[PDB]
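Enquirer: What follows is a single structure, and I will ask about it in a moment.
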Amino acid sequence: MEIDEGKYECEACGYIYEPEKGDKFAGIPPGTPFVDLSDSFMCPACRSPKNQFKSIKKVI
Ligand SMILES: [Zn+2]
């Protein structure tokens with residue numbers, strides 16, 4: 001792992017929301033940052049609350 005952007009991963013099921021692709025699994029156009037999701041957005045993989053999504057802005 002090594003990058004920083006609007007990439008979010010589900011700490012619950014490990015899903016991964018891509019802003020450059022949009023929340024297709026849910027219903028959002030590409031180029032949309034996870035910051036544009038509503039507080040009611042649910043993971044399209046495990047249906048968890050958007051509050052369970054975390055970004056990946058770290059590089060080792
Ligand atoms: Zn999930």
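Residues are referred to by chain and number: the chain letter is A, B, ... according to the order shown in the structure tokens, the number counts from 1 in that chain, and ligands are numbered separately from 1 in the order shown.
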Within chain A, find each residue whose DSSP state, derived from the backbone, is strand (DSSP E or B), and express the selection as a CSV table (one decimal) with N, CA, C and O atoms, in the first residue's frame.

Expert:
```
chain,number,residue,atom,x,y,z
A,2,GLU,N,0.5,2.3,-0.7
A,2,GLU,CA,1.3,3.5,-0.8
A,2,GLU,C,0.6,4.6,-1.7
A,2,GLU,O,0.9,4.6,-2.9
A,3,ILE,N,-0.2,5.4,-1.1
A,3,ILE,CA,-0.9,6.4,-2.0
A,3,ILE,C,-1.8,7.3,-1.1
A,3,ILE,O,-2.0,7.0,0.1
A,8,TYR,N,-11.4,4.9,0.0
A,8,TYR,CA,-11.8,4.5,1.3
A,8,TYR,C,-12.0,3.0,1.4
A,8,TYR,O,-12.5,2.3,0.5
A,9,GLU,N,-11.6,2.4,2.5
A,9,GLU,CA,-11.8,0.9,2.7
A,9,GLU,C,-12.7,0.6,3.9
A,9,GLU,O,-12.6,1.3,4.9
A,10,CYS,N,-13.5,-0.4,3.8
A,10,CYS,CA,-14.4,-0.7,4.9
A,10,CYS,C,-13.6,-1.4,6.0
A,10,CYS,O,-13.2,-2.5,5.8
A,16,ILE,N,-13.9,-1.3,-0.7
A,16,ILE,CA,-13.1,-0.1,-1.1
A,16,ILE,C,-13.8,0.8,-2.0
A,16,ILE,O,-14.1,0.5,-3.2
A,17,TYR,N,-14.1,2.0,-1.5
A,17,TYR,CA,-14.9,3.0,-2.4
A,17,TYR,C,-13.9,3.8,-3.2
A,17,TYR,O,-12.9,4.3,-2.7
A,42,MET,N,-24.5,3.5,2.8
A,42,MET,CA,-24.2,2.2,3.4
A,42,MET,C,-23.3,1.4,2.5
A,42,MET,O,-23.4,1.5,1.3
A,49,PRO,N,-22.7,1.1,7.9
A,49,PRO,CA,-22.9,2.5,7.8
A,49,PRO,C,-21.7,3.2,7.2
A,49,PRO,O,-20.5,2.9,7.5
A,53,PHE,N,-16.5,3.5,6.9
A,53,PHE,CA,-15.6,3.6,5.8
A,53,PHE,C,-14.4,4.5,6.3
A,53,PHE,O,-14.5,5.5,6.9
A,54,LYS,N,-13.2,4.1,5.9
A,54,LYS,CA,-12.0,4.9,6.3
A,54,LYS,C,-11.1,5.1,5.0
A,54,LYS,O,-11.0,4.3,4.1
A,55,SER,N,-10.5,6.3,4.9
A,55,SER,CA,-9.7,6.6,3.7
A,55,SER,C,-8.3,5.9,3.9
A,55,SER,O,-7.9,5.5,4.9
A,58,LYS,N,-1.9,6.9,3.3
A,58,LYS,CA,-0.6,6.7,4.1
A,58,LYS,C,0.4,6.0,3.1
A,58,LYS,O,0.0,5.3,2.2
A,59,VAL,N,1.7,6.2,3.4
A,59,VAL,CA,2.7,5.5,2.5
A,59,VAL,C,3.9,5.1,3.3
A,59,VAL,O,4.5,5.9,4.1
```

Enquirer: I need the residues in chain A that are helix (DSSP H, G or I) according to DSSP; give them as a PyMOL selection string.

Expert: chain A and resi 34-36+50-52

Enquirer: Next, write the just-selected residues to a file, as an mmCIF file, in the first residue's frame, keeping C-alpha atoms as the atom set.

Expert:
```cif
data_model
loop_
_atom_site.group_PDB
_atom_site.id
_atom_site.type_symbol
_atom_site.label_atom_id
_atom_site.label_comp_id
_atom_site.auth_asym_id
_atom_site.auth_seq_id
_atom_site.Cartn_x
_atom_site.Cartn_y
_atom_site.Cartn_z
ATOM 1 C CA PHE A 34 -16.297 9.677 -0.520
ATOM 2 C CA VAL A 35 -16.724 13.058 1.203
ATOM 3 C CA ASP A 36 -19.732 13.617 -1.085
ATOM 4 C CA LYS A 50 -20.713 4.981 5.820
ATOM 5 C CA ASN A 51 -19.222 5.787 9.240
ATOM 6 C CA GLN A 52 -17.461 2.418 8.916
#
```

Enquirer: Residues up to 6 Å from ligand 1, counting only C-alpha atoms and all ligand atoms: could you list those as a ChimeraX atom specification?

Expert: /A:10,12-15,43,45-48
